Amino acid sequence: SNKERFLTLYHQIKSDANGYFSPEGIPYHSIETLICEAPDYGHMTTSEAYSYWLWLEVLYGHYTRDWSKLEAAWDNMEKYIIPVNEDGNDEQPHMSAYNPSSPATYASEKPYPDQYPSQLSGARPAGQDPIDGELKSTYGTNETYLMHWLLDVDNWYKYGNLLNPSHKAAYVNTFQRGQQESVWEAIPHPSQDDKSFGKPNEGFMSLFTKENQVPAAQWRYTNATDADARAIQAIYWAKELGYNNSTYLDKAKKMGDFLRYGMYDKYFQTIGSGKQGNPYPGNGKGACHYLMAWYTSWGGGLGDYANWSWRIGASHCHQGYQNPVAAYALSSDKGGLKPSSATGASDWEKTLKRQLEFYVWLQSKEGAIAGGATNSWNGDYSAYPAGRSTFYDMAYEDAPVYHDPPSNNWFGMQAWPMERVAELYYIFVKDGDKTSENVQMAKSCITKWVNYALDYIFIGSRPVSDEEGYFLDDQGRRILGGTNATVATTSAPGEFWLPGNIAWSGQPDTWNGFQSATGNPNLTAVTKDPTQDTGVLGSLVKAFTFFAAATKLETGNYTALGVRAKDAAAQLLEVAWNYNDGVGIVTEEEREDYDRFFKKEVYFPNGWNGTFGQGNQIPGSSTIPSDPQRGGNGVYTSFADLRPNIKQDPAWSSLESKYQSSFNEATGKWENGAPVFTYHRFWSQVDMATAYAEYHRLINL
């Protein structure tokens, strides 16, 4: 019974015996502590994880008719990770002094962390913020009602929580230094920097920016646009399933209103204005790209002498972060979450359309979704390369925001968004729309994607791959993208396999609208690296489930592809159940990347010394000079030296001895096998739980 499987996993996730949550009721990234992938420690948590918790409680609340758990989850989010604390210290002091005519001061991004700190030069005057005034008039405040992306839930970095000292969970930041700063190469620092850690008199600021003076003490937060959007997607469903408490519905509306900051160029530069390398400030909504960019960030002074604040949007947009179910919820009567601001719903209505166009634009010749686009080439408004394809005057990028690893390689970035487009096809059809350009785009995209993905899903069979991760056909040749991929397969009862990554080449054609789409014959996805990721399985299932269900609502029966998607869904759910260990549905994974715990690649500028949260001097003596080819002049320490408390982790020992016995520092290769782990990730187990739930709701009933 899929309903019983849902309830079982729900209770495994929620059980105080299992450790998915902290003593303060806050979900962790994972049960295990020793893990690094986007958070850099398993008992961090993310806005991601909160949004998934919400999704979990909505479906539970549906089945039990008790919405208390959803409300408690929202309350917990508000208390610990949204930096608005009406009835306590102000967690955004001096936000009121924000200047919407000069939202922030320009600085260039750099191609390597070695080139930071970047000068706050104001070379490009920032454009007008056109939504500040609406937000103030609507809510009586400009305090940002969005989740900060990263919380140190056990205070493992030891910074404490300055503006709320009785909370153990402290707001922390990592990424700050451009597209080559992997998770391994960032330096964790407190969002609220009173300069009591970091370099004396400077805190951590001077790693990242230079200005004429010593940096003032200051605070800053950064959301992740897909997380707040998923929170809103969850509440969409809650309301569809009967939830009707306007106290919480209104909070989702407010979150959606502030999420519009995700639609603006970093420095409010006119969209397209940097095509030839000479950007200029936006007027009205001229800096609105109507997509969800990677983040919005906001900051200001700490203390009585620092009466200023600032906001940035972002210029880089990744397909994988778009959420058109949230956009629909926020923009129509049937969606039900339209904000009360003058243009919130209408901005989201445009976004819904632009998101769908972006997916169609980015879809490869064989059906996979390519990375995205930017309004700030190289992150400094460089002129677009000759011949570069564009989308609304923004340049195509195969790896938006991050290159280490390239951000659209992971197959999870296919499942996540296509799950939502599937949902949206279903939503549109259920709402009586078979004819709009929006439904035709959503349908066309998901239909082609489903066809695409089914070539690489194996249940009870094991695909044949080579040593470099390529899938092989029955004649033993590499399968290098293309439609009608026929992967060689040996019998393997009880196993499942999914693709792990895509290797991208080429470009889409420049966008001219849906009626002119070319099918992008020059954009290729090579799908690779079979693996057993149970988070991705859960997301795929839902994609296939909602797609199947939509086809039946549309036509009266499962279509040809709809049948195949339903059957794949059912089969994946059936095999996955065997991998429940009593705590979650899990598999073992090799982590060849875990040499990066030990590699000296964490950059510090010359002349900078200070104290890390854990008490250690940084960069300290365990360093090598930075690579002169990366354009800096400083040093590298390692991830592990930076975080000496990691050596107290129970798993550290085995990792270190595995490194010592298997990794060859000379060749950069694991010679006697790579480290191996079985992780219980919060989001992954939610994606599996909700998969059983929705198959029950949409297909069984």
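Each residue number is its position in the shown sequence, starting from 1.
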Greater mean Cα temperature factor according to the PDB record, 374 to 382 or 625 to 633: 625 to 633
Comparing 45 to 53 with 672 to 680, which stretch shows the greater average C-alpha B-factor in the deposited entry? 672 to 680
Between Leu207, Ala104, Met394, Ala306, which carries the biggest CA temperature factor in the record? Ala306
Using only the C-alpha B-factors in the record, can you name which of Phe458, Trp237, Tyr280, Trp74 has the highest? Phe458
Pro605 by Cα B-factor - lowest, middle or highest third of the modelled chain: lowest
So where's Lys430 on the chain's Cα temperature factor ranking, which third? highest
Should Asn18 be placed in the lowest, middle or highest third of its chain by the C-alpha B factor in the entry? highest
Modelled-residue ranking by C-alpha temperature factor, third containing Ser539: middle
Going by the entry, which third of its chain does the Cα temperature factor of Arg564 land in? middle
